[PDB]
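Just so you know, the protein sequences line up as chains B and A, in that order.
Going left to right, the first sequence walks through residues 920 to 940, 944 to 967 as PDB author numbering numbers them.
First residue of the second sequence: 533, per PDB author numbering; consecutive thereafter.
Shown next, in structure tokens, is the structure this report addresses.
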Amino acid sequence: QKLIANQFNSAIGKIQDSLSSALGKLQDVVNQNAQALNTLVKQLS
Amino acid sequence: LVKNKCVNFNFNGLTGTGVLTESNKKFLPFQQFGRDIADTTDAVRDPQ
Ligand SMILES: *[C@@H]1O[C@H](CO)[C@@H](O)[C@H](O)[C@H]1NC(C)=O
């Protein structure tokens, strides 16, 4: 139990570290929404 | 000038409709109006 809990606590620390660097799947939805609206307004010219 | 009302305007040949209010931003001395990333006009300089 001690070893298992230590491995778990250590692994959560590596997630927290890695996320302080991966979100491309969320970011590119935000980008595509904005890029489509900017295209729609530019197209009025 | 008529600030803070929806007005129809003509600044020195640049025309539109909108509400005019004093800006925090400042242009270079030769620049006459501002545009945003979409190329809509977001600010203007009063010629008087
Ligand atoms: C325009 O004329 C007014 C009235 O004399 C004066 O207060 C103002 O400073 C002048 N502005 C320019 C840009 O000449």
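For each residue, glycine too, the CB sits at the ideal point set by N, CA and C.
inquiry  = What I want to know is whether the C-beta of A/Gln-580 ends up closer than 7 Å to one or more non-hydrogen atoms of ligand 1.
reply    = In the second sequence, the residue the question calls residue 580 of chain A occupies position 48. Checking every heavy atom of ligand 1 against the Cβ of A/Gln-580, one is found closer than 7 Å.
key: Under 7 Å by beta carbon: chain A residues contacting B/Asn-955   = Position 33 of the first sequence, counted from the start, is the residue given in the question as residue 955 of chain B. Per Cβ cutoff of 7 Å: no residues; B/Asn-955 is ~14 Å from chain A at best.
query = In this structure, what does DSSP give as the bridge partners for A/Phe-543?
reply = Counted from its first residue, the second sequence places residue 543 of chain A at position 11. DSSP lists A/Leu-546 as partners of A/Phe-543.
inquiry  = If you reduce the DSSP assignment to three classes, tell me which class B/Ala-944 lands in.
reply    = Against the first sequence, residue 944 of chain B aligns to sequence position 22. Coil at B/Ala-944, not helix or strand.
query = Counting pairs of beta carbons, one from the segment 543 to 555 of chain A and one from the segment 564 to 573 of chain A, are three or more of them closer than 8 Å?
reply = yes
ask   = Roughly how many whole angstroms lie between the Cα atoms of B/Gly-932 and B/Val-951?
value = To locate residue 932 of chain B, count along the first sequence from 1; it is residue 13. To locate residue 951 of chain B, count along the first sequence from 1; it is residue 29. Going by C-alpha positions, B/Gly-932 is about 28 Å away from B/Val-951.
request  = For A/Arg-567, write down the residues that DSSP places opposite it in a beta bridge.
outcome  = Counting from 1 along the second sequence, the entry for residue 567 of chain A is found at position 35. According to DSSP, A/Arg-567 bridges with A/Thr-573.
message = Can you tell me where the alpha helix (DSSP H) holding A/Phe-559 begins and where it ends?
response = Counting from 1 along the second sequence, the entry for residue 559 of chain A is found at position 27. Going by DSSP, A/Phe-559 is part of no alpha helix (DSSP H) at all; its letter is neither H nor E.
inquiry  = Looking at the secondary structure, which residues open and close the alpha helix (DSSP H) in which B/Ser-929 lies?
reply    = Locating residue 929 of chain B in the first sequence gives position 10, counting from the first residue. Start and end: 921 to 938.
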